[PDB]
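Next up, input-v7.txt (compact mmCIF, C-alpha atoms):
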```txt
# COMPACT_ATOMS: atom_id res chain seq x y z
CA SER H 348 0.00 0.00 0.00
CA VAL H 349 0.77 3.79 0.13
CA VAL H 350 -0.35 5.25 3.55
CA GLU H 351 1.01 3.76 6.78
CA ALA H 352 -1.29 1.67 8.96
CA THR H 353 -2.84 3.42 11.98
CA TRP H 354 -5.38 2.39 14.63
CA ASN H 355 -7.99 4.03 12.36
CA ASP H 356 -7.53 0.84 10.26
CA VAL H 357 -9.25 -1.18 13.03
CA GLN H 358 -12.92 -1.58 12.03
CA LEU H 359 -14.90 -2.28 15.22
CA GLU H 360 -17.96 -4.44 14.73
CA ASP H 361 -21.36 -2.88 14.03
CA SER H 362 -24.52 -3.48 16.05
CA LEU H 363 -26.47 -3.26 12.75
CA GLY H 364 -25.04 -3.38 9.24
CA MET H 365 -25.85 -3.65 5.55
CA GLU H 366 -23.71 -4.91 2.66
CA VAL H 367 -24.63 -4.02 -0.90
CA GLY H 368 -23.94 -5.14 -4.46
CA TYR H 369 -22.74 -2.40 -6.80
CA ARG H 370 -26.16 -1.95 -8.52
CA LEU H 371 -27.63 -0.75 -5.17
CA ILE H 372 -24.91 1.81 -4.24
CA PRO H 373 -27.01 4.64 -5.80
CA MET H 374 -29.95 3.98 -3.45
CA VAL H 375 -27.62 3.98 -0.43
CA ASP H 376 -25.38 6.89 -1.52
CA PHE H 377 -24.79 9.88 0.75
CA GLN H 378 -24.06 12.07 -2.29
CA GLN H 379 -26.63 11.02 -4.97
CA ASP H 380 -30.37 10.56 -4.24
CA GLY H 381 -30.16 8.25 -1.20
CA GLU H 382 -33.61 6.78 -1.74
CA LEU H 383 -33.18 4.18 1.03
CA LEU H 384 -31.27 6.18 3.66
CA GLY H 385 -34.47 8.16 3.84
CA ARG H 386 -36.50 5.02 4.49
CA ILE H 387 -34.07 3.71 7.12
CA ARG H 388 -34.48 6.96 9.07
CA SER H 389 -38.26 6.81 9.11
CA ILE H 390 -37.97 3.20 10.34
CA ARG H 391 -35.71 4.11 13.24
CA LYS H 392 -37.98 7.11 14.03
CA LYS H 393 -41.29 5.18 13.86
CA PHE H 394 -39.67 2.70 16.20
CA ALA H 395 -38.53 5.01 18.93
CA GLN H 396 -41.95 6.67 18.99
CA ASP H 397 -43.54 3.21 18.89
CA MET H 398 -41.50 0.48 20.57
CA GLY H 399 -39.73 2.88 22.93
CA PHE H 400 -36.03 2.95 22.05
CA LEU H 401 -33.72 4.05 19.27
CA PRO H 402 -32.40 1.16 17.13
CA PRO H 403 -28.67 1.41 16.52
CA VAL H 404 -27.41 3.12 13.31
CA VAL H 405 -27.29 0.93 10.16
CA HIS H 406 -23.70 0.95 8.85
CA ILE H 407 -23.91 0.44 5.09
CA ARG H 408 -20.89 -0.61 3.04
CA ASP H 409 -20.44 -2.57 -0.22
CA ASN H 410 -18.88 -5.97 -0.91
CA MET H 411 -17.96 -6.69 -4.52
CA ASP H 412 -18.21 -10.44 -3.85
CA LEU H 413 -21.99 -9.91 -3.58
CA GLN H 414 -24.14 -10.36 -6.67
CA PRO H 415 -24.85 -6.95 -8.22
CA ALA H 416 -28.44 -6.53 -7.07
CA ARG H 417 -28.10 -8.27 -3.68
CA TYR H 418 -27.83 -7.12 -0.06
CA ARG H 419 -26.95 -8.74 3.26
CA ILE H 420 -28.33 -7.48 6.62
CA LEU H 421 -25.89 -8.05 9.52
CA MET H 422 -26.06 -8.12 13.35
CA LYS H 423 -22.78 -7.88 15.34
CA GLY H 424 -21.07 -9.42 12.34
CA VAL H 425 -23.23 -12.41 11.56
CA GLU H 426 -25.74 -12.29 8.70
CA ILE H 427 -29.42 -12.27 9.77
CA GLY H 428 -31.01 -11.61 6.34
CA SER H 429 -30.32 -11.24 2.61
CA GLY H 430 -32.28 -10.64 -0.57
CA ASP H 431 -32.48 -9.33 -4.10
CA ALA H 432 -33.62 -5.77 -4.93
CA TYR H 433 -33.59 -4.54 -8.56
CA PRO H 434 -33.43 -0.72 -8.93
CA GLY H 435 -35.45 0.54 -11.93
CA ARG H 436 -38.08 -2.15 -11.27
CA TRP H 437 -40.96 -2.52 -8.76
CA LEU H 438 -42.39 -5.35 -6.64
CA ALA H 439 -46.00 -6.43 -7.09
CA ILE H 440 -47.10 -8.22 -3.92
CA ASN H 441 -50.18 -10.39 -3.43
CA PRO H 442 -51.93 -10.39 0.01
CA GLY H 443 -53.73 -13.56 -1.16
CA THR H 444 -56.63 -11.79 -2.93
CA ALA H 445 -55.28 -10.43 -6.22
CA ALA H 446 -56.93 -11.31 -9.56
CA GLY H 447 -54.63 -12.53 -12.32
CA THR H 448 -50.88 -12.69 -12.82
CA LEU H 449 -48.07 -10.59 -14.25
CA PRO H 450 -44.96 -11.04 -16.40
CA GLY H 451 -41.69 -11.09 -14.49
CA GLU H 452 -39.52 -12.91 -12.01
CA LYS H 453 -41.54 -15.07 -9.60
CA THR H 454 -40.42 -14.66 -5.97
CA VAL H 455 -41.56 -14.34 -2.33
CA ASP H 456 -41.51 -11.09 -0.24
CA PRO H 457 -38.70 -11.24 2.39
CA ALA H 458 -40.93 -9.74 5.15
CA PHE H 459 -44.34 -11.35 5.23
CA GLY H 460 -43.34 -14.37 3.09
CA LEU H 461 -46.11 -13.48 0.60
CA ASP H 462 -46.05 -14.49 -3.09
CA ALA H 463 -44.81 -11.59 -5.20
CA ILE H 464 -43.45 -10.83 -8.68
CA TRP H 465 -40.90 -8.15 -9.68
CA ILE H 466 -42.42 -6.14 -12.58
CA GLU H 467 -41.20 -3.39 -14.87
CA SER H 468 -42.02 0.31 -14.46
CA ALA H 469 -45.07 0.83 -16.71
CA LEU H 470 -47.06 -2.08 -15.20
CA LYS H 471 -47.52 -0.21 -11.89
CA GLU H 472 -51.02 1.26 -12.21
CA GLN H 473 -52.10 -1.78 -14.27
CA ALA H 474 -50.85 -4.19 -11.59
CA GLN H 475 -52.63 -2.30 -8.79
CA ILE H 476 -56.10 -2.50 -10.40
CA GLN H 477 -55.74 -6.32 -10.43
CA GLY H 478 -55.61 -6.12 -6.60
CA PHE H 479 -51.85 -5.93 -6.13
CA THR H 480 -49.65 -3.81 -3.86
CA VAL H 481 -46.63 -2.27 -5.64
CA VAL H 482 -43.64 -1.00 -3.61
CA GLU H 483 -40.42 0.60 -4.89
CA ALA H 484 -37.10 -1.26 -5.00
CA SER H 485 -35.72 0.70 -2.02
CA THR H 486 -38.97 0.01 -0.10
CA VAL H 487 -38.43 -3.76 -0.29
CA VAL H 488 -35.02 -3.43 1.41
CA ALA H 489 -36.77 -1.18 3.95
CA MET H 490 -39.54 -3.76 4.49
CA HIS H 491 -36.99 -6.50 5.11
CA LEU H 492 -35.05 -4.35 7.54
CA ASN H 493 -37.98 -3.00 9.60
CA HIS H 494 -39.01 -6.66 9.95
CA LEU H 495 -35.64 -7.88 11.25
CA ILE H 496 -35.42 -4.97 13.73
CA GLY H 497 -38.79 -5.86 15.23
CA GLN H 498 -37.67 -9.47 15.24
CA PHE H 499 -34.32 -8.93 16.98
CA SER H 500 -35.41 -5.89 19.02
CA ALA H 501 -34.36 -7.63 22.28
CA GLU H 502 -30.84 -8.44 21.08
CA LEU H 503 -30.41 -4.94 19.58
CA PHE H 504 -31.09 -3.50 23.08
CA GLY H 505 -27.61 -3.49 24.60
CA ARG H 506 -26.25 -2.08 27.80
CA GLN H 507 -25.37 1.03 25.71
CA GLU H 508 -29.05 1.53 24.79
CA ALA H 509 -30.22 0.88 28.36
CA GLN H 510 -27.88 3.66 29.58
CA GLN H 511 -29.12 5.88 26.79
CA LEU H 512 -32.81 5.24 27.55
CA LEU H 513 -31.93 5.84 31.23
CA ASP H 514 -30.57 9.27 30.32
CA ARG H 515 -33.64 10.17 28.25
CA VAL H 516 -35.96 9.16 31.13
CA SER H 517 -33.69 10.88 33.63
CA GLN H 518 -34.27 14.20 31.79
CA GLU H 519 -38.09 14.28 32.14
CA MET H 520 -38.53 12.55 35.53
CA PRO H 521 -35.03 12.73 37.08
CA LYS H 522 -36.28 12.05 40.61
CA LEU H 523 -36.99 8.37 39.83
CA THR H 524 -33.63 7.57 38.30
CA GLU H 525 -31.31 9.60 40.55
CA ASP H 526 -31.61 6.99 43.32
CA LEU H 527 -33.11 3.94 41.61
CA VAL H 528 -29.87 3.12 39.66
CA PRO H 529 -27.14 2.42 40.65
CA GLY H 530 -28.64 2.55 44.22
CA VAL H 531 -31.67 0.18 44.42
CA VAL H 532 -31.56 -1.50 40.98
CA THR H 533 -28.34 -2.08 39.00
CA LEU H 534 -28.20 -1.12 35.32
CA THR H 535 -27.48 -4.82 34.64
CA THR H 536 -30.87 -5.54 36.21
CA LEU H 537 -32.81 -2.67 34.60
CA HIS H 538 -31.35 -3.61 31.24
CA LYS H 539 -32.31 -7.29 31.61
CA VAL H 540 -35.89 -6.26 32.55
CA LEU H 541 -36.50 -4.00 29.53
CA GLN H 542 -34.85 -6.68 27.37
CA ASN H 543 -37.25 -9.32 28.74
CA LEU H 544 -40.12 -6.97 27.90
CA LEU H 545 -38.95 -6.28 24.34
CA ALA H 546 -38.42 -10.05 23.89
CA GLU H 547 -42.19 -10.60 24.28
CA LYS H 548 -43.38 -7.63 22.20
CA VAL H 549 -44.31 -5.43 25.21
CA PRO H 550 -43.37 -1.76 24.56
CA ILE H 551 -41.27 0.12 27.08
CA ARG H 552 -42.64 3.63 26.56
CA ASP H 553 -44.10 3.74 30.04
CA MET H 554 -40.92 4.17 32.03
CA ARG H 555 -42.86 5.84 34.89
CA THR H 556 -44.83 2.62 35.32
CA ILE H 557 -41.65 0.56 35.05
CA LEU H 558 -39.18 2.55 37.19
CA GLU H 559 -41.92 2.84 39.88
CA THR H 560 -42.78 -0.88 40.05
CA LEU H 561 -39.01 -1.51 40.21
CA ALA H 562 -38.30 1.16 42.88
CA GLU H 563 -41.09 -0.47 44.92
CA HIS H 564 -40.63 -4.28 44.56
CA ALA H 565 -36.82 -4.21 44.20
CA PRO H 566 -35.54 -3.93 47.82
CA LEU H 567 -37.31 -7.26 48.56
CA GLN H 568 -36.56 -9.04 45.23
CA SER H 569 -33.51 -8.73 42.85
CA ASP H 570 -34.05 -11.46 40.23
CA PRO H 571 -34.79 -9.72 36.91
CA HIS H 572 -36.69 -12.83 35.76
CA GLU H 573 -38.85 -12.26 38.86
CA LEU H 574 -39.06 -8.42 38.74
CA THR H 575 -40.21 -8.83 35.11
CA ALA H 576 -43.43 -10.67 35.81
CA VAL H 577 -44.15 -8.02 38.49
CA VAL H 578 -43.64 -5.19 35.95
CA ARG H 579 -45.72 -7.19 33.44
CA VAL H 580 -48.81 -6.81 35.65
CA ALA H 581 -48.14 -3.12 36.23
CA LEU H 582 -48.38 -2.86 32.40
CA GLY H 583 -51.40 -5.19 32.29
CA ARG H 584 -53.88 -2.55 31.11
CA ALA H 585 -51.50 -1.72 28.22
CA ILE H 586 -50.55 -5.38 27.42
CA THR H 587 -54.29 -6.15 27.46
CA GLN H 588 -55.21 -3.33 25.10
CA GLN H 589 -52.33 -4.41 22.85
CA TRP H 590 -53.65 -7.77 21.67
CA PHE H 591 -57.30 -7.01 22.66
CA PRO H 592 -58.33 -3.47 21.58
CA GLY H 593 -61.81 -2.01 22.14
CA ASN H 594 -64.00 -3.07 25.07
CA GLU H 595 -65.45 -6.23 23.48
CA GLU H 596 -64.87 -9.92 24.33
CA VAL H 597 -61.45 -11.53 24.77
CA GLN H 598 -60.95 -14.67 22.59
CA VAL H 599 -58.09 -16.55 24.30
CA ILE H 600 -56.44 -20.00 24.12
CA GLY H 601 -56.64 -22.15 27.22
CA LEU H 602 -54.91 -25.17 28.65
CA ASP H 603 -56.80 -28.01 30.42
CA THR H 604 -57.68 -27.71 34.15
CA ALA H 605 -55.68 -30.90 34.83
CA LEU H 606 -53.01 -30.27 32.15
CA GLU H 607 -52.42 -27.10 34.19
CA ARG H 608 -51.96 -29.32 37.27
CA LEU H 609 -49.83 -31.67 35.13
CA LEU H 610 -47.52 -28.79 34.18
CA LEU H 611 -47.93 -27.11 37.59
CA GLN H 612 -46.83 -30.41 39.18
CA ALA H 613 -43.55 -30.21 37.24
CA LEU H 614 -42.73 -26.59 38.27
CA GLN H 615 -41.59 -26.61 41.96
CA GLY H 616 -40.18 -30.15 41.40
CA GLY H 617 -36.87 -28.69 40.20
CA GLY H 618 -35.09 -26.90 37.36
CA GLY H 619 -36.46 -29.08 34.58
CA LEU H 620 -39.62 -30.27 32.85
CA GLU H 621 -39.66 -33.81 31.68
CA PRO H 622 -38.95 -34.79 28.04
CA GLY H 623 -41.97 -36.69 26.71
CA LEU H 624 -44.15 -33.75 27.79
CA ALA H 625 -42.35 -31.46 25.28
CA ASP H 626 -43.18 -32.74 21.78
CA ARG H 627 -46.76 -33.31 22.96
CA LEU H 628 -47.16 -29.64 23.90
CA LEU H 629 -45.62 -28.12 20.74
CA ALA H 630 -47.94 -30.18 18.52
CA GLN H 631 -50.90 -29.62 20.87
CA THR H 632 -50.03 -25.91 21.17
CA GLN H 633 -49.80 -25.60 17.36
CA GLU H 634 -53.20 -27.34 17.19
CA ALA H 635 -54.72 -24.44 19.13
CA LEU H 636 -52.92 -21.75 17.12
CA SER H 637 -54.50 -23.10 13.91
CA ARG H 638 -58.11 -23.00 15.22
CA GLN H 639 -57.64 -19.31 15.99
CA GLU H 640 -56.20 -18.65 12.51
CA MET H 641 -59.46 -19.78 10.80
CA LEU H 642 -61.68 -18.12 13.47
CA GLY H 643 -60.16 -14.64 13.09
CA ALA H 644 -58.88 -14.60 16.78
CA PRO H 645 -55.54 -13.39 18.28
CA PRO H 646 -52.74 -15.92 19.06
CA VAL H 647 -52.77 -15.32 22.82
CA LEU H 648 -52.49 -18.05 25.47
CA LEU H 649 -53.98 -17.32 28.89
CA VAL H 650 -52.38 -19.37 31.67
CA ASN H 651 -51.87 -19.52 35.43
CA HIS H 652 -49.48 -16.81 36.78
CA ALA H 653 -46.73 -19.16 37.99
CA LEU H 654 -47.12 -21.04 34.65
CA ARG H 655 -46.36 -18.07 32.30
CA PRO H 656 -42.63 -17.41 33.02
CA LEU H 657 -41.75 -20.85 31.41
CA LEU H 658 -44.48 -21.52 28.85
CA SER H 659 -43.34 -18.30 27.17
CA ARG H 660 -39.71 -19.38 27.83
CA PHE H 661 -40.38 -22.82 26.23
CA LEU H 662 -43.15 -22.53 23.62
CA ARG H 663 -41.90 -19.31 21.97
CA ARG H 664 -38.46 -20.52 20.88
CA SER H 665 -40.57 -22.82 18.64
CA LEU H 666 -43.80 -20.85 17.97
CA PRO H 667 -42.68 -17.18 18.21
CA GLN H 668 -46.04 -16.08 16.83
CA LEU H 669 -47.43 -17.16 20.24
CA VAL H 670 -48.37 -14.77 23.05
CA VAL H 671 -48.27 -16.13 26.60
CA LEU H 672 -50.17 -13.84 29.02
CA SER H 673 -51.23 -14.32 32.67
CA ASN H 674 -54.55 -14.34 34.61
CA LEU H 675 -53.08 -11.49 36.71
CA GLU H 676 -52.09 -9.41 33.63
CA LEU H 677 -55.56 -9.32 31.97
CA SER H 678 -57.90 -6.51 33.04
CA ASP H 679 -60.88 -7.25 35.34
CA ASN H 680 -63.27 -5.21 33.18
CA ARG H 681 -63.22 -7.77 30.30
CA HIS H 682 -65.23 -10.85 29.26
CA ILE H 683 -63.18 -13.99 28.51
CA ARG H 684 -64.18 -16.96 26.29
CA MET H 685 -61.67 -19.82 25.90
CA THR H 686 -62.28 -20.20 22.14
CA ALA H 687 -59.61 -22.90 21.59
CA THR H 688 -58.15 -25.40 24.08
CA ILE H 689 -54.98 -27.33 24.84
CA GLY H 690 -56.25 -30.63 26.22
CA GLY H 691 -55.69 -34.36 25.80
CA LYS H 692 -57.66 -34.44 22.49
```
Go ahead and express the file in the form of structure tokens.
Amino acid sequence: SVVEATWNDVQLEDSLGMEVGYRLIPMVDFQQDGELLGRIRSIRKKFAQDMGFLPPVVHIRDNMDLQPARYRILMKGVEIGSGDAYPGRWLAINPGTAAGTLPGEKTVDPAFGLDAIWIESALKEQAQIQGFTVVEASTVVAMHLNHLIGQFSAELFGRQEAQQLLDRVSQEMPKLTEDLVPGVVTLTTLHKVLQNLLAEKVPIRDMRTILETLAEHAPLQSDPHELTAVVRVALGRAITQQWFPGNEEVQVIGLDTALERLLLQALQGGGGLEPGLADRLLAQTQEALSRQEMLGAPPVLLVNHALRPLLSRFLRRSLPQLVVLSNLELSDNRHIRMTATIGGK
């Protein structure tokens, strides 16, 4: 080479990163249009004002070993998504209810997994009237990215984001924070609590409700996996209205009155549930999810309060579409109807 090596040649890893084939460099270019840098900003914005924290910056670079119209999406180094995106062309997507077909590459949308076909420019308005939904090239890469952020939002929430959320709270209600951390709760513990909440799709906008439940129940309990289910009920009115809007009936999934005892028998017994039970649940749990799909009902499971911290810990690494709530989290002012059931068949 020409210039001598300095420590500025050390490229620290990126929390979030994109790699780009040379055909896409225009849409990600500082200097030219930047048609996708705009979309990445409005993702990160409509995530802070929505999920309750700022996703880390998306470091975009190119990699000439990538096919020309291809991108990779990266977390802490390791790929977590890739796809094709063709600039001058558009993406006709089918929600299931479009009439006809179109000429072009047949493919599947990288977000929703829907069936979709890349089409050329002048088919736009003609593809829409057949019942399609046509997004720009740049918008597909946006779609794929806003999906993976919501999917990994727990892992993207590092100690550096906890300390940054803790500064943003501690500039609108400083009295809570000034003595809650590092005094009564340690940032390690506050961070693990918010991360547990993000992990189950519960937003952390209500830091009053959180930092108060913690400042109250902390000096007699320090396990974050225990302080979490306490905070969960503080946010019960909000978790309720999340999967069950309006004031109408609550269509939940239920487990058998003895299956409960079956599982509840295996709780206090030790740090382990027994094998054979497993594969039975996951098939039986997926039986209940399907009934709700054809009914038009949410995918929420309502269980005993000591039975939630592990059904969500077990069932969701397999069925992440599942919600696992608690009798003590659901509001009193609602009517419940166990529409589907997890029994012995």
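Residues in contact range of residue 429 in chain H, defined as at most 7 Å between only C-alpha atoms, with sequence neighbours fewer than 6 positions away removed, read residues 418, 419 and 420 of chain H.
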What is the CA of residue 594 in chain H-CA of residue 682 in chain H distance in Å, reported with one decimal?
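Atom-to-atom, CA of residue 594 in chain H and CA of residue 682 in chain H are spaced 8.9 Å apart.
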I want to know what sits within 12 Å of residue 516 in chain H, based on all atoms listed in the file, with residues of the same chain fewer than 2 positions away left out; could you give that as a PyMOL selection string?
chain H and resi 399-400+509-514+518-525+551-558
Quick one: everything within 12 Å of range 577-593 of chain H, counting only C-alpha atoms, minus sequence neighbours fewer than 4 positions away in the same chain. Send it as an NGL selection string.
:H and (537 or 540-541 or 543-545 or 547-565 or 568-573 or 597-599 or 644-649 or 652-653 or 655-656 or 669-683)
Give me a file of those residues, with C-alpha atoms, as a PDB file, in the frame of the given file.
```
ATOM      1  CA  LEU H 537     -32.810  -2.670  34.600  1.00  0.00           C
ATOM      2  CA  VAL H 540     -35.890  -6.260  32.550  1.00  0.00           C
ATOM      3  CA  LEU H 541     -36.500  -4.000  29.530  1.00  0.00           C
ATOM      4  CA  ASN H 543     -37.250  -9.320  28.740  1.00  0.00           C
ATOM      5  CA  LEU H 544     -40.120  -6.970  27.900  1.00  0.00           C
ATOM      6  CA  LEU H 545     -38.950  -6.280  24.340  1.00  0.00           C
ATOM      7  CA  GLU H 547     -42.190 -10.600  24.280  1.00  0.00           C
ATOM      8  CA  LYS H 548     -43.380  -7.630  22.200  1.00  0.00           C
ATOM      9  CA  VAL H 549     -44.310  -5.430  25.210  1.00  0.00           C
ATOM     10  CA  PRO H 550     -43.370  -1.760  24.560  1.00  0.00           C
ATOM     11  CA  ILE H 551     -41.270   0.120  27.080  1.00  0.00           C
ATOM     12  CA  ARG H 552     -42.640   3.630  26.560  1.00  0.00           C
ATOM     13  CA  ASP H 553     -44.100   3.740  30.040  1.00  0.00           C
ATOM     14  CA  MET H 554     -40.920   4.170  32.030  1.00  0.00           C
ATOM     15  CA  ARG H 555     -42.860   5.840  34.890  1.00  0.00           C
ATOM     16  CA  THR H 556     -44.830   2.620  35.320  1.00  0.00           C
ATOM     17  CA  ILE H 557     -41.650   0.560  35.050  1.00  0.00           C
ATOM     18  CA  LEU H 558     -39.180   2.550  37.190  1.00  0.00           C
ATOM     19  CA  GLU H 559     -41.920   2.840  39.880  1.00  0.00           C
ATOM     20  CA  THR H 560     -42.780  -0.880  40.050  1.00  0.00           C
ATOM     21  CA  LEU H 561     -39.010  -1.510  40.210  1.00  0.00           C
ATOM     22  CA  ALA H 562     -38.300   1.160  42.880  1.00  0.00           C
ATOM     23  CA  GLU H 563     -41.090  -0.470  44.920  1.00  0.00           C
ATOM     24  CA  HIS H 564     -40.630  -4.280  44.560  1.00  0.00           C
ATOM     25  CA  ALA H 565     -36.820  -4.210  44.200  1.00  0.00           C
ATOM     26  CA  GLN H 568     -36.560  -9.040  45.230  1.00  0.00           C
ATOM     27  CA  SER H 569     -33.510  -8.730  42.850  1.00  0.00           C
ATOM     28  CA  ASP H 570     -34.050 -11.460  40.230  1.00  0.00           C
ATOM     29  CA  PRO H 571     -34.790  -9.720  36.910  1.00  0.00           C
ATOM     30  CA  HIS H 572     -36.690 -12.830  35.760  1.00  0.00           C
ATOM     31  CA  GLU H 573     -38.850 -12.260  38.860  1.00  0.00           C
ATOM     32  CA  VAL H 597     -61.450 -11.530  24.770  1.00  0.00           C
ATOM     33  CA  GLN H 598     -60.950 -14.670  22.590  1.00  0.00           C
ATOM     34  CA  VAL H 599     -58.090 -16.550  24.300  1.00  0.00           C
ATOM     35  CA  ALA H 644     -58.880 -14.600  16.780  1.00  0.00           C
ATOM     36  CA  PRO H 645     -55.540 -13.390  18.280  1.00  0.00           C
ATOM     37  CA  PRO H 646     -52.740 -15.920  19.060  1.00  0.00           C
ATOM     38  CA  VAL H 647     -52.770 -15.320  22.820  1.00  0.00           C
ATOM     39  CA  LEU H 648     -52.490 -18.050  25.470  1.00  0.00           C
ATOM     40  CA  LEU H 649     -53.980 -17.320  28.890  1.00  0.00           C
ATOM     41  CA  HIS H 652     -49.480 -16.810  36.780  1.00  0.00           C
ATOM     42  CA  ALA H 653     -46.730 -19.160  37.990  1.00  0.00           C
ATOM     43  CA  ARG H 655     -46.360 -18.070  32.300  1.00  0.00           C
ATOM     44  CA  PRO H 656     -42.630 -17.410  33.020  1.00  0.00           C
ATOM     45  CA  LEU H 669     -47.430 -17.160  20.240  1.00  0.00           C
ATOM     46  CA  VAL H 670     -48.370 -14.770  23.050  1.00  0.00           C
ATOM     47  CA  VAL H 671     -48.270 -16.130  26.600  1.00  0.00           C
ATOM     48  CA  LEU H 672     -50.170 -13.840  29.020  1.00  0.00           C
ATOM     49  CA  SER H 673     -51.230 -14.320  32.670  1.00  0.00           C
ATOM     50  CA  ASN H 674     -54.550 -14.340  34.610  1.00  0.00           C
ATOM     51  CA  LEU H 675     -53.080 -11.490  36.710  1.00  0.00           C
ATOM     52  CA  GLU H 676     -52.090  -9.410  33.630  1.00  0.00           C
ATOM     53  CA  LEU H 677     -55.560  -9.320  31.970  1.00  0.00           C
ATOM     54  CA  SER H 678     -57.900  -6.510  33.040  1.00  0.00           C
ATOM     55  CA  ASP H 679     -60.880  -7.250  35.340  1.00  0.00           C
ATOM     56  CA  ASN H 680     -63.270  -5.210  33.180  1.00  0.00           C
ATOM     57  CA  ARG H 681     -63.220  -7.770  30.300  1.00  0.00           C
ATOM     58  CA  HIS H 682     -65.230 -10.850  29.260  1.00  0.00           C
ATOM     59  CA  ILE H 683     -63.180 -13.990  28.510  1.00  0.00           C
TER      60      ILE H 683
END
```
Suppose you want the space between CA of residue 446 in chain H and CA of residue 489 in chain H; what is it in Å?
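Separation between CA of residue 446 in chain H and CA of residue 489 in chain H: 26.3 Å.
Minimum atom-to-atom distance to residue 627 in chain H, evaluated using all atoms listed in the file, belongs to H:606 out of H:378, H:445, H:486, H:606.
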Using only C-alpha atoms, which of H:411, H:532, H:359, H:611 sits nearest residue 651 in chain H?
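Checking each of H:411, H:532, H:359, H:611 against residue 651 in chain H, counting only C-alpha atoms, the winner is H:611.
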